[PDB]
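Trainee: Sharing data_38.cif, mmCIF, C-alpha atoms and all ligand atoms:
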```cif
data_input
loop_
_atom_site.group_PDB
_atom_site.id
_atom_site.type_symbol
_atom_site.label_atom_id
_atom_site.label_comp_id
_atom_site.auth_asym_id
_atom_site.auth_seq_id
_atom_site.Cartn_x
_atom_site.Cartn_y
_atom_site.Cartn_z
ATOM 1 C CA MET A 1 -108.951 -147.116 40.246
ATOM 2 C CA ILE A 2 -108.953 -150.544 41.839
ATOM 3 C CA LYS A 3 -105.824 -150.376 43.992
ATOM 4 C CA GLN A 4 -103.328 -153.011 45.080
ATOM 5 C CA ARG A 5 -103.813 -154.326 48.585
ATOM 6 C CA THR A 6 -101.534 -155.396 51.434
ATOM 7 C CA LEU A 7 -101.820 -155.895 55.192
ATOM 8 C CA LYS A 8 -102.111 -153.010 57.658
ATOM 9 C CA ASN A 9 -100.197 -154.802 60.400
ATOM 10 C CA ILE A 10 -97.957 -157.755 61.124
ATOM 11 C CA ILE A 11 -99.893 -160.713 62.516
ATOM 12 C CA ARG A 12 -98.889 -164.149 63.830
ATOM 13 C CA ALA A 13 -100.131 -167.671 64.487
ATOM 14 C CA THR A 14 -98.778 -171.095 65.398
ATOM 15 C CA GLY A 15 -99.771 -174.600 64.366
ATOM 16 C CA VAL A 16 -98.428 -177.935 63.166
ATOM 17 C CA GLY A 17 -97.539 -179.145 59.683
ATOM 18 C CA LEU A 18 -100.071 -181.648 58.368
ATOM 19 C CA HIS A 19 -97.289 -183.638 56.715
ATOM 20 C CA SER A 20 -94.396 -183.161 59.139
ATOM 21 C CA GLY A 21 -96.359 -182.923 62.378
ATOM 22 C CA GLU A 22 -93.885 -180.319 63.629
ATOM 23 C CA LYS A 23 -94.852 -177.055 65.316
ATOM 24 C CA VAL A 24 -94.356 -174.043 63.071
ATOM 25 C CA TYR A 25 -94.475 -170.283 63.620
ATOM 26 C CA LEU A 26 -96.336 -168.281 60.987
ATOM 27 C CA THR A 27 -96.013 -164.544 60.378
ATOM 28 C CA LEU A 28 -97.888 -162.403 57.840
ATOM 29 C CA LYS A 29 -96.374 -159.007 57.034
ATOM 30 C CA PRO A 30 -97.168 -156.004 54.810
ATOM 31 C CA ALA A 31 -95.167 -155.675 51.587
ATOM 32 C CA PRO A 32 -94.572 -152.911 49.001
ATOM 33 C CA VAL A 33 -96.442 -152.545 45.724
ATOM 34 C CA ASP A 34 -95.689 -155.215 43.079
ATOM 35 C CA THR A 35 -94.062 -157.553 45.606
ATOM 36 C CA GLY A 36 -96.663 -160.278 45.284
ATOM 37 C CA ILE A 37 -96.722 -162.968 47.945
ATOM 38 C CA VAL A 38 -93.257 -164.022 49.122
ATOM 39 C CA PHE A 39 -92.531 -166.887 51.524
ATOM 40 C CA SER A 40 -89.464 -166.766 53.771
ATOM 41 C CA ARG A 41 -87.835 -169.570 55.736
ATOM 42 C CA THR A 42 -86.632 -167.534 58.705
ATOM 43 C CA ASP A 43 -85.281 -170.613 60.482
ATOM 44 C CA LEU A 44 -82.534 -171.012 57.873
ATOM 45 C CA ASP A 45 -79.149 -169.264 57.790
ATOM 46 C CA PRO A 46 -79.108 -167.388 55.548
ATOM 47 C CA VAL A 47 -82.866 -166.833 55.346
ATOM 48 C CA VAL A 48 -84.285 -168.195 52.095
ATOM 49 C CA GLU A 49 -87.015 -166.386 50.149
ATOM 50 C CA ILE A 50 -89.321 -168.074 47.641
ATOM 51 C CA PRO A 51 -91.740 -165.965 45.581
ATOM 52 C CA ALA A 52 -95.198 -167.551 45.377
ATOM 53 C CA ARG A 53 -95.150 -168.042 41.613
ATOM 54 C CA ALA A 54 -96.240 -170.945 39.411
ATOM 55 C CA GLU A 55 -92.696 -171.493 38.129
ATOM 56 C CA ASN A 56 -91.398 -172.133 41.665
ATOM 57 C CA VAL A 57 -93.729 -175.058 42.302
ATOM 58 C CA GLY A 58 -92.030 -178.408 42.902
ATOM 59 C CA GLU A 59 -93.818 -181.648 43.791
ATOM 60 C CA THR A 60 -97.625 -181.517 43.778
ATOM 61 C CA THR A 61 -98.569 -185.093 44.607
ATOM 62 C CA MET A 62 -99.834 -184.321 48.117
ATOM 63 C CA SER A 63 -99.930 -180.541 48.393
ATOM 64 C CA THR A 64 -98.551 -177.574 46.484
ATOM 65 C CA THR A 65 -94.883 -177.091 47.360
ATOM 66 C CA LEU A 66 -92.688 -174.084 46.610
ATOM 67 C CA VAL A 67 -89.052 -174.998 46.001
ATOM 68 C CA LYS A 68 -85.776 -173.096 45.747
ATOM 69 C CA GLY A 69 -82.943 -175.544 45.235
ATOM 70 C CA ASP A 70 -82.999 -177.735 48.314
ATOM 71 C CA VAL A 71 -85.314 -175.492 50.331
ATOM 72 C CA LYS A 72 -89.053 -176.123 50.308
ATOM 73 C CA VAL A 73 -92.233 -174.546 51.610
ATOM 74 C CA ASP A 74 -94.936 -177.180 51.710
ATOM 75 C CA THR A 75 -98.758 -176.879 51.704
ATOM 76 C CA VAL A 76 -99.142 -173.273 50.544
ATOM 77 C CA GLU A 77 -102.574 -173.651 48.951
ATOM 78 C CA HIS A 78 -104.953 -172.933 51.860
ATOM 79 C CA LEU A 79 -103.122 -169.786 52.956
ATOM 80 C CA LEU A 80 -102.872 -168.625 49.340
ATOM 81 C CA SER A 81 -106.585 -169.305 48.877
ATOM 82 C CA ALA A 82 -107.309 -166.816 51.673
ATOM 83 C CA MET A 83 -104.927 -164.272 50.147
ATOM 84 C CA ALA A 84 -106.724 -164.650 46.812
ATOM 85 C CA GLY A 85 -110.214 -164.510 48.297
ATOM 86 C CA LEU A 86 -109.472 -161.297 50.183
ATOM 87 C CA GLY A 87 -107.566 -159.763 47.274
ATOM 88 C CA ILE A 88 -104.210 -159.433 49.007
ATOM 89 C CA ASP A 89 -101.666 -158.538 46.333
ATOM 90 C CA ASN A 90 -98.564 -158.006 48.432
ATOM 91 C CA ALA A 91 -97.435 -159.770 51.601
ATOM 92 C CA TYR A 92 -94.490 -161.474 53.250
ATOM 93 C CA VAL A 93 -95.093 -164.885 54.785
ATOM 94 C CA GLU A 94 -92.482 -165.973 57.321
ATOM 95 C CA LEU A 95 -92.180 -169.597 58.455
ATOM 96 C CA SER A 96 -90.003 -171.304 61.069
ATOM 97 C CA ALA A 97 -90.271 -174.625 59.211
ATOM 98 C CA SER A 98 -90.776 -176.222 55.796
ATOM 99 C CA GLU A 99 -94.582 -176.349 55.940
ATOM 100 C CA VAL A 100 -97.452 -173.911 56.454
ATOM 101 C CA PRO A 101 -99.447 -174.945 59.559
ATOM 102 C CA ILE A 102 -102.587 -176.910 58.687
ATOM 103 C CA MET A 103 -104.615 -175.077 61.360
ATOM 104 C CA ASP A 104 -108.197 -176.378 61.078
ATOM 105 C CA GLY A 105 -107.701 -177.738 57.560
ATOM 106 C CA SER A 106 -109.484 -174.864 55.825
ATOM 107 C CA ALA A 107 -108.678 -171.294 54.768
ATOM 108 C CA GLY A 108 -110.791 -169.944 57.639
ATOM 109 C CA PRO A 109 -107.932 -169.357 60.101
ATOM 110 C CA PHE A 110 -105.979 -167.468 57.436
ATOM 111 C CA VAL A 111 -108.983 -165.319 56.508
ATOM 112 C CA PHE A 112 -109.205 -164.574 60.220
ATOM 113 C CA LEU A 113 -105.523 -163.578 60.397
ATOM 114 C CA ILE A 114 -105.627 -161.414 57.271
ATOM 115 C CA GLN A 115 -108.818 -159.653 58.336
ATOM 116 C CA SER A 116 -107.465 -159.170 61.868
ATOM 117 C CA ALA A 117 -104.277 -157.639 60.464
ATOM 118 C CA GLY A 118 -106.399 -155.181 58.507
ATOM 119 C CA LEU A 119 -106.478 -154.374 54.805
ATOM 120 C CA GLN A 120 -104.282 -151.577 53.444
ATOM 121 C CA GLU A 121 -104.962 -149.990 50.050
ATOM 122 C CA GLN A 122 -101.798 -149.011 48.182
ATOM 123 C CA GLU A 123 -101.197 -146.291 45.606
ATOM 124 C CA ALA A 124 -100.865 -148.509 42.547
ATOM 125 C CA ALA A 125 -103.292 -150.085 40.092
ATOM 126 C CA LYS A 126 -104.265 -153.678 40.824
ATOM 127 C CA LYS A 127 -103.400 -155.973 37.913
ATOM 128 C CA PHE A 128 -105.754 -158.718 36.729
ATOM 129 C CA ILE A 129 -105.099 -161.625 34.386
ATOM 130 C CA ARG A 130 -108.005 -161.888 31.950
ATOM 131 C CA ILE A 131 -108.523 -165.211 30.178
ATOM 132 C CA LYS A 132 -108.944 -164.538 26.440
ATOM 133 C CA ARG A 133 -108.962 -168.103 25.088
ATOM 134 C CA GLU A 134 -109.959 -171.420 26.654
ATOM 135 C CA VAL A 135 -106.950 -173.454 27.790
ATOM 136 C CA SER A 136 -107.083 -177.004 29.156
ATOM 137 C CA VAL A 137 -104.841 -179.730 30.534
ATOM 138 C CA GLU A 138 -105.586 -183.413 31.145
ATOM 139 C CA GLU A 139 -104.312 -186.558 32.795
ATOM 140 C CA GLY A 140 -106.499 -189.593 32.199
ATOM 141 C CA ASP A 141 -110.067 -188.649 33.102
ATOM 142 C CA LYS A 142 -108.819 -185.673 35.129
ATOM 143 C CA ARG A 143 -109.153 -182.235 33.566
ATOM 144 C CA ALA A 144 -108.414 -178.602 34.473
ATOM 145 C CA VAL A 145 -109.619 -175.703 32.328
ATOM 146 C CA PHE A 146 -109.456 -171.917 32.031
ATOM 147 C CA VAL A 147 -112.510 -170.448 30.278
ATOM 148 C CA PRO A 148 -113.189 -166.818 29.319
ATOM 149 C CA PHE A 149 -115.651 -165.234 31.746
ATOM 150 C CA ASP A 150 -116.640 -161.635 32.450
ATOM 151 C CA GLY A 151 -116.018 -161.887 36.189
ATOM 152 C CA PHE A 152 -114.523 -164.567 38.422
ATOM 153 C CA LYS A 153 -116.057 -168.032 38.655
ATOM 154 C CA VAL A 154 -114.776 -171.381 39.896
ATOM 155 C CA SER A 155 -116.519 -174.606 38.922
ATOM 156 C CA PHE A 156 -115.670 -178.097 40.106
ATOM 157 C CA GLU A 157 -116.883 -181.659 39.832
ATOM 158 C CA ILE A 158 -115.640 -184.683 41.740
ATOM 159 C CA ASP A 159 -116.780 -188.190 40.871
ATOM 160 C CA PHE A 160 -116.281 -190.560 43.807
ATOM 161 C CA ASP A 161 -118.150 -193.868 43.642
ATOM 162 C CA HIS A 162 -117.645 -194.808 47.303
ATOM 163 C CA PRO A 163 -120.915 -195.326 49.254
ATOM 164 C CA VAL A 164 -120.180 -192.334 51.520
ATOM 165 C CA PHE A 165 -120.366 -190.027 48.486
ATOM 166 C CA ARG A 166 -123.516 -191.542 46.989
ATOM 167 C CA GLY A 167 -126.272 -188.950 46.686
ATOM 168 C CA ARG A 168 -123.915 -186.063 47.466
ATOM 169 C CA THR A 169 -123.890 -183.176 45.000
ATOM 170 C CA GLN A 170 -120.178 -183.558 44.175
ATOM 171 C CA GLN A 171 -120.413 -180.427 42.026
ATOM 172 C CA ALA A 172 -120.470 -176.674 42.570
ATOM 173 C CA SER A 173 -120.198 -173.578 40.404
ATOM 174 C CA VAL A 174 -119.303 -170.436 42.317
ATOM 175 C CA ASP A 175 -119.827 -167.048 40.666
ATOM 176 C CA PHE A 176 -118.236 -164.568 43.052
ATOM 177 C CA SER A 177 -120.583 -161.843 41.821
ATOM 178 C CA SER A 178 -123.053 -163.211 44.352
ATOM 179 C CA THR A 179 -121.007 -165.639 46.421
ATOM 180 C CA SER A 180 -118.895 -164.739 49.434
ATOM 181 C CA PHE A 181 -115.539 -166.503 49.425
ATOM 182 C CA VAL A 182 -115.305 -165.912 53.175
ATOM 183 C CA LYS A 183 -118.762 -167.142 54.156
ATOM 184 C CA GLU A 184 -119.317 -169.868 51.570
ATOM 185 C CA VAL A 185 -115.925 -171.292 50.582
ATOM 186 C CA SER A 186 -113.136 -170.453 53.031
ATOM 187 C CA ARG A 187 -114.119 -172.703 55.948
ATOM 188 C CA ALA A 188 -114.317 -175.875 53.841
ATOM 189 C CA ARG A 189 -111.977 -178.383 55.496
ATOM 190 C CA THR A 190 -109.579 -180.704 53.720
ATOM 191 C CA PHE A 191 -110.635 -184.352 53.605
ATOM 192 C CA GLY A 192 -109.063 -187.782 53.463
ATOM 193 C CA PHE A 193 -110.116 -191.373 52.953
ATOM 194 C CA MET A 194 -109.302 -193.582 55.924
ATOM 195 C CA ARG A 195 -107.407 -196.126 53.811
ATOM 196 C CA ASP A 196 -105.216 -193.379 52.336
ATOM 197 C CA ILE A 197 -104.544 -191.724 55.696
ATOM 198 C CA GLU A 198 -103.643 -195.092 57.202
ATOM 199 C CA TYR A 199 -101.160 -195.649 54.378
ATOM 200 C CA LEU A 200 -99.537 -192.259 54.978
ATOM 201 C CA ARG A 201 -99.359 -192.744 58.750
ATOM 202 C CA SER A 202 -97.868 -196.223 58.249
ATOM 203 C CA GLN A 203 -94.928 -194.464 56.573
ATOM 204 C CA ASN A 204 -94.647 -191.878 59.362
ATOM 205 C CA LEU A 205 -96.358 -189.316 57.115
ATOM 206 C CA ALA A 206 -99.410 -187.086 57.707
ATOM 207 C CA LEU A 207 -98.196 -186.875 61.312
ATOM 208 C CA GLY A 208 -100.065 -183.617 61.925
ATOM 209 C CA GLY A 209 -103.407 -185.013 60.795
ATOM 210 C CA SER A 210 -106.354 -185.363 63.165
ATOM 211 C CA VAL A 211 -110.145 -185.080 63.217
ATOM 212 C CA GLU A 212 -109.550 -181.531 64.450
ATOM 213 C CA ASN A 213 -108.051 -180.488 61.110
ATOM 214 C CA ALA A 214 -109.508 -182.888 58.529
ATOM 215 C CA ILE A 215 -112.730 -184.546 57.467
ATOM 216 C CA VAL A 216 -112.129 -188.284 57.679
ATOM 217 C CA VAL A 217 -114.354 -190.635 55.700
ATOM 218 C CA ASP A 218 -114.229 -194.392 55.251
ATOM 219 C CA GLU A 219 -116.072 -196.238 52.466
ATOM 220 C CA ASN A 220 -119.452 -195.538 54.010
ATOM 221 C CA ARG A 221 -119.625 -192.591 56.407
ATOM 222 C CA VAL A 222 -118.153 -189.343 57.683
ATOM 223 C CA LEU A 223 -116.215 -190.160 60.843
ATOM 224 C CA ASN A 224 -116.201 -186.643 62.308
ATOM 225 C CA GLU A 225 -118.909 -186.566 64.983
ATOM 226 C CA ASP A 226 -120.122 -183.052 64.117
ATOM 227 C CA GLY A 227 -120.532 -183.820 60.408
ATOM 228 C CA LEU A 228 -119.999 -181.115 57.789
ATOM 229 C CA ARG A 229 -119.731 -177.307 57.902
ATOM 230 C CA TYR A 230 -121.217 -176.947 54.424
ATOM 231 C CA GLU A 231 -123.691 -179.378 52.865
ATOM 232 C CA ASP A 232 -121.268 -179.697 49.925
ATOM 233 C CA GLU A 233 -118.050 -179.249 51.891
ATOM 234 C CA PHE A 234 -116.026 -181.763 49.868
ATOM 235 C CA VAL A 235 -116.334 -180.086 46.475
ATOM 236 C CA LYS A 236 -116.078 -176.674 48.139
ATOM 237 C CA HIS A 237 -112.658 -177.597 49.482
ATOM 238 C CA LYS A 238 -111.592 -178.618 45.971
ATOM 239 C CA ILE A 239 -112.690 -175.130 44.907
ATOM 240 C CA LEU A 240 -110.742 -173.662 47.829
ATOM 241 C CA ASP A 241 -107.635 -175.593 46.714
ATOM 242 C CA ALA A 242 -108.057 -174.389 43.130
ATOM 243 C CA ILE A 243 -108.341 -170.728 44.138
ATOM 244 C CA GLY A 244 -105.139 -171.000 46.171
ATOM 245 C CA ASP A 245 -103.199 -172.893 43.520
ATOM 246 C CA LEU A 246 -104.400 -170.442 40.859
ATOM 247 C CA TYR A 247 -103.119 -167.460 42.833
ATOM 248 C CA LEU A 248 -99.602 -168.620 41.972
ATOM 249 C CA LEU A 249 -100.294 -166.751 38.722
ATOM 250 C CA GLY A 250 -99.381 -163.734 40.835
ATOM 251 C CA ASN A 251 -102.574 -161.814 40.098
ATOM 252 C CA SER A 252 -106.338 -162.110 40.493
ATOM 253 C CA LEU A 253 -108.249 -163.710 37.622
ATOM 254 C CA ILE A 254 -110.915 -162.474 35.276
ATOM 255 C CA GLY A 255 -112.224 -165.749 33.898
ATOM 256 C CA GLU A 256 -113.575 -169.146 34.904
ATOM 257 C CA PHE A 257 -111.778 -172.208 36.234
ATOM 258 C CA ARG A 258 -113.372 -175.601 35.620
ATOM 259 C CA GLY A 259 -112.005 -178.623 37.461
ATOM 260 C CA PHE A 260 -112.927 -182.262 36.881
ATOM 261 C CA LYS A 261 -111.479 -184.736 39.413
ATOM 262 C CA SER A 262 -108.293 -182.651 39.290
ATOM 263 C CA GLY A 263 -105.756 -181.659 41.934
ATOM 264 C CA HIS A 264 -102.614 -179.619 42.554
ATOM 265 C CA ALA A 265 -100.554 -181.173 39.754
ATOM 266 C CA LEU A 266 -103.016 -180.298 36.994
ATOM 267 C CA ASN A 267 -103.671 -176.898 38.564
ATOM 268 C CA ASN A 268 -99.977 -176.037 38.259
ATOM 269 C CA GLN A 269 -99.698 -177.566 34.794
ATOM 270 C CA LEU A 270 -102.637 -175.400 33.746
ATOM 271 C CA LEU A 271 -100.922 -172.272 35.077
ATOM 272 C CA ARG A 272 -97.626 -172.963 33.311
ATOM 273 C CA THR A 273 -99.477 -173.868 30.113
ATOM 274 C CA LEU A 274 -101.534 -170.668 30.220
ATOM 275 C CA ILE A 275 -98.563 -168.416 30.996
ATOM 276 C CA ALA A 276 -96.547 -169.780 28.072
ATOM 277 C CA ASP A 277 -99.226 -168.800 25.531
ATOM 278 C CA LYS A 278 -99.523 -165.031 25.385
ATOM 279 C CA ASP A 279 -102.490 -165.131 22.970
ATOM 280 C CA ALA A 280 -104.599 -166.760 25.689
ATOM 281 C CA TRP A 281 -104.434 -164.016 28.328
ATOM 282 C CA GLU A 282 -103.748 -160.345 29.005
ATOM 283 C CA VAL A 283 -103.061 -158.060 31.955
ATOM 284 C CA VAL A 284 -105.747 -155.468 32.667
ATOM 285 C CA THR A 285 -106.350 -152.693 35.179
ATOM 286 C CA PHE A 286 -109.428 -150.666 36.057
ATOM 287 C CA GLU A 287 -109.180 -146.886 36.357
ATOM 288 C CA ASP A 288 -112.883 -146.974 37.220
ATOM 289 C CA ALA A 289 -113.978 -149.697 39.652
ATOM 290 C CA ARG A 290 -117.598 -149.336 38.512
ATOM 291 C CA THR A 291 -116.568 -150.685 35.092
ATOM 292 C CA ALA A 292 -114.980 -153.803 36.602
ATOM 293 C CA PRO A 293 -116.617 -157.264 36.364
ATOM 294 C CA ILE A 294 -115.231 -158.020 39.825
ATOM 295 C CA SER A 295 -115.160 -156.248 43.192
ATOM 296 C CA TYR A 296 -113.045 -156.556 46.339
HETATM 297 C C1 LIG B 301 -108.002 -183.113 49.770
HETATM 298 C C2 LIG B 301 -106.674 -183.190 49.090
HETATM 299 O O1 LIG B 301 -106.401 -184.515 48.832
HETATM 300 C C3 LIG B 301 -106.703 -182.423 47.803
HETATM 301 F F1 LIG B 301 -105.516 -182.511 47.218
HETATM 302 F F2 LIG B 301 -107.618 -182.926 46.979
HETATM 303 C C4 LIG B 301 -105.601 -182.646 49.932
HETATM 304 N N1 LIG B 301 -105.662 -183.222 51.199
HETATM 305 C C5 LIG B 301 -104.640 -184.113 51.642
HETATM 306 O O2 LIG B 301 -103.774 -184.520 50.886
HETATM 307 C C6 LIG B 301 -104.781 -184.693 52.999
HETATM 308 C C7 LIG B 301 -103.769 -185.504 53.526
HETATM 309 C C8 LIG B 301 -103.926 -186.062 54.791
HETATM 310 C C9 LIG B 301 -105.115 -185.761 55.505
HETATM 311 C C10 LIG B 301 -105.334 -186.346 56.839
HETATM 312 C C11 LIG B 301 -105.557 -186.833 57.915
HETATM 313 C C12 LIG B 301 -105.831 -187.431 59.236
HETATM 314 C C13 LIG B 301 -106.084 -187.933 60.298
HETATM 315 C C14 LIG B 301 -106.444 -188.568 61.582
HETATM 316 C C15 LIG B 301 -105.529 -188.913 62.575
HETATM 317 C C16 LIG B 301 -106.006 -189.531 63.733
HETATM 318 C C17 LIG B 301 -107.374 -189.810 63.876
HETATM 319 N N2 LIG B 301 -107.869 -190.456 65.049
HETATM 320 C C18 LIG B 301 -108.291 -189.480 62.871
HETATM 321 C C19 LIG B 301 -107.813 -188.856 61.712
HETATM 322 C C20 LIG B 301 -106.119 -184.983 54.978
HETATM 323 C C21 LIG B 301 -105.959 -184.424 53.709
HETATM 324 C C22 LIG B 301 -105.669 -181.183 50.058
HETATM 325 O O3 LIG B 301 -106.532 -180.632 50.729
HETATM 326 N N3 LIG B 301 -104.579 -180.396 49.593
HETATM 327 O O4 LIG B 301 -104.661 -179.099 49.670
HETATM 328 ZN ZN ZN B 302 -115.003 -197.446 47.408
HETATM 329 ZN ZN ZN B 303 -106.668 -178.513 50.408
#
```
Turn the structure described in the file into structure tokens.
Ligand SMILES: C[C@@](O)(C(F)F)[C@H](NC(=O)c1ccc(C#CC#Cc2ccc(N)cc2)cc1)C(=O)NO
Ligand SMILES: [Zn+2]
Ligand SMILES: [Zn+2]
Mentor:
Amino acid sequence: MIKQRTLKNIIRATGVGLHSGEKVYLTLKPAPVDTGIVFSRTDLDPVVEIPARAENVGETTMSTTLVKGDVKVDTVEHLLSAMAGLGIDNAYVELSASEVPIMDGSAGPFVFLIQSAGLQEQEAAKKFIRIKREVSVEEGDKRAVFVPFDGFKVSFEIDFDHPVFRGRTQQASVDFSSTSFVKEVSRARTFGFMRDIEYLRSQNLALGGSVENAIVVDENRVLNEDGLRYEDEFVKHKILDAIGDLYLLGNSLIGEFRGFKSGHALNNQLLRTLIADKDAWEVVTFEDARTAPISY
């Protein structure tokens, strides 16, 4: 059978919150079968735990935030993307502050941590959510869709008209049958338009932002001296974001995601909309891995 997966060891890192700018301690720990991913604010007294589930998502305007009453864990999507890409079912995530460190702006550092911790197979069947019927959500010209697919595929299109984006592909369709999440998606950095970053900083926001953890573009060019890590790094980060946001389902997907100019808000709306309709999905396991449309 395809088994559930956790970490072999506890592993740690430090960084700053993109939004808050404050130093934060991060800890990844093994967890028992059927735990899922659980975030803990270990700085609080008592310590507050928030399961990484779609229903616990609060505001999504900037990043995906988990909320439990007045306690928040901000910017979970890049770390969760790495968890999803490496097929980590169960883990504890401890934080000394209200935001996951931005690190280098991608999922790369978290892939590195998870891999360094080691992967532990557990004696329980891994559950998958299989999309049975196409489900979609919209806001204006923005659209997020689940489509039936015998495997796991993420497709995305962005549609920026700014000169800096002219001629760029602005579209990618990743079938993970033949694409490595680690090598081809995970190191895609977050990006920001100079005007938008300036507006945030003017309000004492995005205090942790720098060229060392974000691609900065103005109307016409990429400001980072070393350019891009991937030729299509922009859309690949949108795909990265989607994979992380989607993992708040609590299980790996058998199906396709299609995003069109969408972000965290529509991603979460899509999840809640899917979950509510039980004719649109089912939970499956694989007693024989060779019969599975996916592989970890
Ligand atoms: C990409 C995104 O919008 C998505 F939701 F689509 C979203 N990204 C952000 O919202 C975002 C917010 C702020 C920054 C920034 C910065 C800076 C700087 C700076 C400081 C000093 C100097 N000299 C130069 C640069 C970058 C990204 C995202 O990835 N969420 O997961
Ligand atoms: Zn423009
Ligand atoms: Zn992102």
Trainee: Return the single residue from A:127, A:78, A:187, A:229 that is closest to residue A:18, with distances computed using all atoms listed in the file.
Mentor: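 Ranking A:127, A:78, A:187, A:229 by distance to residue A:18, first place goes to A:78.
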Trainee: Kindly provide, as a ChimeraX atom specification, all nucleotide and amino acid residues lying within 9 Å of ligand ZN 303 (chain B), counting only C-alpha atoms and all ligand atoms.
Mentor: /A:63,75,77-78,105-107,188-191,237-242,244,264
Trainee: How far is it from atom CA of residue A:28 to atom CA of residue A:91, in Å with one decimal?
Mentor: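 We find that atom CA of residue A:28 and atom CA of residue A:91 lie 6.8 Å from each other.
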Trainee: Please measure the separation of atom CA of residue A:183 and atom CA of residue A:108, giving the value in Å to one decimal.
Mentor: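 Here the two named atoms are 9.1 Å from each other.
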Trainee: Enclose ligand LIG 301 (chain B), meaning all of its atoms listed in the file, in a box aligned along x, y and z, pad it by 5 Å on each side, and list the centre and edge lengths in Å to one decimal, as AutoDock Vina command-line options.
Mentor:
```
--center_x -106.0 --center_y -184.8 --center_z 56.0 --size_x 14.5 --size_y 21.4 --size_z 28.1
```
Trainee: If I only want stretch 91-127 of chain A, can you write it with C-alpha atoms, as a PDB file, in the first residue's frame?
Mentor:
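Final output, result_23.pdb:
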```pdb
ATOM      1  CA  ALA A  91       3.738  16.898  11.053  1.00  0.00           C
ATOM      2  CA  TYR A  92       3.793  19.457  13.836  1.00  0.00           C
ATOM      3  CA  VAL A  93       4.904  22.968  12.946  1.00  0.00           C
ATOM      4  CA  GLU A  94       5.987  25.092  15.904  1.00  0.00           C
ATOM      5  CA  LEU A  95       6.342  28.875  15.629  1.00  0.00           C
ATOM      6  CA  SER A  96       7.575  31.528  18.063  1.00  0.00           C
ATOM      7  CA  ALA A  97       5.500  34.199  16.297  1.00  0.00           C
ATOM      8  CA  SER A  98       2.374  34.806  14.217  1.00  0.00           C
ATOM      9  CA  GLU A  99       4.008  34.268  10.817  1.00  0.00           C
ATOM     10  CA  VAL A 100       5.990  31.543   9.059  1.00  0.00           C
ATOM     11  CA  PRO A 101       9.438  32.911   8.096  1.00  0.00           C
ATOM     12  CA  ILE A 102       9.609  34.001   4.454  1.00  0.00           C
ATOM     13  CA  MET A 103      13.114  32.527   4.058  1.00  0.00           C
ATOM     14  CA  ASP A 104      14.096  33.045   0.401  1.00  0.00           C
ATOM     15  CA  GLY A 105      10.512  33.585  -0.754  1.00  0.00           C
ATOM     16  CA  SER A 106      10.093  30.102  -2.217  1.00  0.00           C
ATOM     17  CA  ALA A 107       9.355  26.592  -0.935  1.00  0.00           C
ATOM     18  CA  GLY A 108      13.000  25.610  -1.464  1.00  0.00           C
ATOM     19  CA  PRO A 109      14.170  26.165   2.128  1.00  0.00           C
ATOM     20  CA  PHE A 110      11.266  24.079   3.432  1.00  0.00           C
ATOM     21  CA  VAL A 111      11.955  21.259   0.968  1.00  0.00           C
ATOM     22  CA  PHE A 112      15.511  21.402   2.276  1.00  0.00           C
ATOM     23  CA  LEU A 113      14.349  21.167   5.906  1.00  0.00           C
ATOM     24  CA  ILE A 114      11.892  18.333   5.273  1.00  0.00           C
ATOM     25  CA  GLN A 115      14.399  16.328   3.244  1.00  0.00           C
ATOM     26  CA  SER A 116      17.123  16.964   5.835  1.00  0.00           C
ATOM     27  CA  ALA A 117      14.810  15.749   8.601  1.00  0.00           C
ATOM     28  CA  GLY A 118      14.263  12.548   6.646  1.00  0.00           C
ATOM     29  CA  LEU A 119      11.071  10.873   5.476  1.00  0.00           C
ATOM     30  CA  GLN A 120       9.385   8.280   7.697  1.00  0.00           C
ATOM     31  CA  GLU A 121       6.830   5.827   6.301  1.00  0.00           C
ATOM     32  CA  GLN A 122       4.024   5.021   8.737  1.00  0.00           C
ATOM     33  CA  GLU A 123       1.867   1.919   9.076  1.00  0.00           C
ATOM     34  CA  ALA A 124      -1.367   3.358   7.712  1.00  0.00           C
ATOM     35  CA  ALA A 125      -2.853   3.827   4.252  1.00  0.00           C
ATOM     36  CA  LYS A 126      -2.346   7.250   2.698  1.00  0.00           C
ATOM     37  CA  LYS A 127      -5.671   8.896   1.845  1.00  0.00           C
TER      38      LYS A 127
END
```
